[PDB]
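Structure first, then comments.
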Amino acid sequence: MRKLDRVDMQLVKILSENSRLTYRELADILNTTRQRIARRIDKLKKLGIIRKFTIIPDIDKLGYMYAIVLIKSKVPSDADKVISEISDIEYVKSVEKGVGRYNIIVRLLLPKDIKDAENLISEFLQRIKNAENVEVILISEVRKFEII
Amino acid sequence: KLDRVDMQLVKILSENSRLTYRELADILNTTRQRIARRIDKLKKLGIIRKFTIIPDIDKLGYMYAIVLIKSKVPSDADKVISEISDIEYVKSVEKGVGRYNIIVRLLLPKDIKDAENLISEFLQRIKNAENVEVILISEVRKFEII
């Protein structure tokens, strides 16, 4: 739930900046062997510590825009159902449960086109039932974006 | 607009960014030389800003926090963004349109006392806001980047 080897953390920090570094390059940077780096990364993946090797794109240049959906549920049972209902939607990039004004926070990747975007938002919202409050925030600018 | 191959390339790399050019050429039915060139272009144009990973935050001993900010006047948003964008534990900053015009994601240690220290240090840099809401994330059910 927290404590993790010092070298494993460095490895995570490094891979988050350049996930394509070969085991050899990693071994050189960390003054260890390629074999040991291989085993470490393999364990990290097996343990679910590293869940995916992906990329950070400039969504605007790809023709997309983000939207953040803030949800306040009426009851827990409804929250979990909403979450299972939307977690499989492809354009839903993240789903989180929180403690505060909104208990469900969702990020959507939408088409940059306002009419297509609005149609898509309406479709998504139809899937949200039993909510006391739903706030949609259209993201006009992404200034900073990192995972860790 | 990016062409058919570039669009599909971004998609593939979003699923597995460690694919060898060989594996990519095979999928996209082309040559490693062409793959190398396309990716080089995508990176140079800034379409692909980074090759990263999605780790399990909880397993590393951290927790997220989303801060919702509503400026009193539009021009204030840029000021706040300039003031917080450099903070190490600020993971994302976005300008938005709606009930809140600034959304920030923070990476914090799970220890509530240590997390509070970081949150307070961060909130200190947000001057004269109309509304500020801090939401601690108890669980990440899904996390992807496109």
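Within every chain, numbering begins at 1; the chains are lettered A, B, ... in the order of the sequence lines, protein sequences first and strands thereafter.
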In terms of heavy-atom pairs under 4.5 Å with chain A, the winner among B:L136, B:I57, B:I66, B:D6 is B:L136
Any chance the side chains of A:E118 and A:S122 put a donor and an acceptor closer than 3.5 Å?
no
Self-check item: Check: A:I71 and A:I105 side chains under 4.5 Å, non-hydrogen atoms
Solution: no
Evaluate the salt bridge (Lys or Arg N to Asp or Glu O under 4.0 Å) criterion for residues A:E85 and A:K129: first the C-alpha distance (whole Å), next the side-chain angles of each, then the deciding distance (0.1 Å), finally the verdict.
CA-CA 10 Å; A:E85 246 292 298; A:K129 308 90 172 180; 3.6 Å; yes
Whatever's closer than 4.5 Å to a heavy atom in chain A on B:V134 counts as backbone
Applying a strict 4.5 Å limit to non-hydrogen atoms, the region of B:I137 in contact with chain A is both
Looking only at A:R107, A:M9, A:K3, the option with the highest number of non-hydrogen pairs under 4.5 Å against chain B is A:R107
Paired with A:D5, the salt bridge (charged side-chain N to carboxylate O under 4.0 Å, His left out) test is passed by just one of A:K43, A:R39, A:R40, A:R36, namely A:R40
| request: Look at atom CD of A:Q35 and say whether more than 12 heavy atoms of other residues, nucleotides or ligands are closer to it than 6.0 Å. | output: yes
| request: Step through the shown structure and confirm whether more than 12 heavy atoms of other residues, nucleotides or ligands are within 6.0 Å of NZ on A:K74. | output: yes
Turns out that what part of B:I102 lies under 4.5 Å from chain A's heavy atoms comes down to neither
If you tally heavy-atom pairs under 4.5 Å between each of B:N16, B:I48, B:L60 and chain A, the highest tally belongs to B:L60
So, the part of A:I148 with a heavy atom under 4.5 Å from chain B: the answer is both
inquiry  = For the backbone of B:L19 and the side chain of A:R20, can you confirm whether one donor and one acceptor N or O come within less than 3.5 Å of each other?
reply    = yes
Most contact-rich option vs chain B, by heavy-atom pairs under 4.5 angstrom, among A:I86, A:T22, A:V92, is A:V92
Answer key: most heavy-atom pairs under 4.5 Å with chain B among A:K93, A:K61, A:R143 is A:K93
So, the part of A:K13 with a heavy atom under 4.5 Å from chain B: the answer is side chain
Comparing A:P57, A:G100, A:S87 against chain B, the one with the most heavy-atom pairs below 4.5 Å turns out to be A:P57
(Q) Please verify the inter-ring angle class for A:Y102 with B:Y100; under 30° counts as parallel, over 60° as perpendicular, anything in between as tilted. (A) perpendicular
On a heavy-atom basis, the closest approach of A:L109 and A:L120 is O-CD2, 4.3 Å
Honestly, the part of B:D78 sitting under 4.5 Å from a heavy atom of chain A is side chain
Chain B shares the most heavy-atom pairs under 4.5 Å, among A:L44, A:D60, A:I83, with A:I83
When the 4.5 angstrom heavy-atom criterion is applied to A:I14 and chain B, the contacting part is neither
Does any N or O in the side chain of B:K110 come within less than 3.5 Å of the main-chain N or O of A:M1, such that one atom is a donor and the other an acceptor? yes
The interface call for B:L2 against chain A, heavy-atom contacts under 4.5 Å, is side chain
Requested in this report: Scan side-chain atoms only and decide if B:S17 and A:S19 contain a donor-acceptor pair under the 3.5 Å cut-off.
Outcome: yes
Comparing A:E17, A:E90, A:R2 against chain B, the one with the most heavy-atom pairs below 4.5 Å turns out to be A:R2
Bottom line for B:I47: the part with an atom under 4.5 Å from chain A's heavy atoms is both
If one checks every heavy atom of B:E133 against chain A at 4.5 Å, the contacting part turns out to be side chain
Heaviest contributor of heavy-atom pairs below 4.5 Å to chain A, chosen from B:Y64, B:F51, B:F143, is B:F51
Exactly one of B:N131, B:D76, B:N128, B:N101 clears side chain to side chain donor-acceptor pair (under 3.5 Å) with B:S71, and that residue is B:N101
